[PDB]
């Protein structure tokens, strides 16, 4: 293992990207403003806030964020980049070794299901397979601390409500989460020498919804920004983002749960970071510089 951890390495999608796609896009997407400095929200994302809670003075020197907006598990224009390629990018730059002193974080899958693909069960199968494959690869290359996050109920996104896909998006979310729990249970039993951490985003997001006003949200179905999506634009998270009309963004968004048709606002990312930190503290995870 590794008693105190010295950094966080995150693999994920637009829920975790801290500006990687924005840089490659020459700052043209996500347009900022109204997005915040290339994050897919109007403030820093959860994993940045988590890193700063442990390393308040120089959090970015303790966070290696390989998440790109539009990333998912391969199942090809649907996906900007794959989990496998994010992991292999980390490995390439680290001499094919996963540091035993890093907290590896995997939050992926939402981009696959929100593309509303036509093959339901094959998509579920291949997302689960791709996550298991990347976990096994990290373990094989020396990882000793792995945090896996499941999905919120994607049927709650404004996208699902507007497009009439609530049932399908909730089904993907629930089936994905059930399979992912089985995967994590398998790895826990097989690799007791690795620290396995799990965050039940599904239950936490439902709790936020059920108590939305108490968490600070006055609107859970609308969007701070405004997008106009066609039929061939409904096909992907990145198309929805590109279709934001910046001049029509609301000026006062402190009460919205959703910044755009799928992405949560800054306050939701803050809540997520706070709950993740409490989970890690309960588990006894310790960081140090």
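Positions refer to the first chain, counted from 1.
Counting the unmodelled positions of the deposited sequence between residue 75 and residue 76 gives a small gap of 1 to 3 residues. 22 to 30 and 248 to 256 differ in mean CA B-factor, and the higher of the two is recorded for 248 to 256.
Looking at mean Cα B-factors across 113 to 121 and 146 to 154, the upper value is held by 113 to 121.
For the set 200, 206, 140, 86, the PDB entry assigns the largest Cα B-factor to 140.
Residues shown: 128, 95, 134, 173. Highest C-alpha temperature factor in the entry: 95. Looking at the C-alpha B-factors along this chain, the one for residue 46 belongs to the lowest third. Sort the chain's modelled residues by C-alpha temperature factor and residue 65 lands in the lowest third, per the entry. Per-chain ranking of the deposited C-alpha B factor places residue 229 in the highest third.
Among the modelled residues of its chain, residue 91 has a C-alpha B-factor that falls in the middle third according to the deposited record. In the PDB entry, a CA B factor belonging to the lowest third of its chain's modelled residues is recorded for residue 104.
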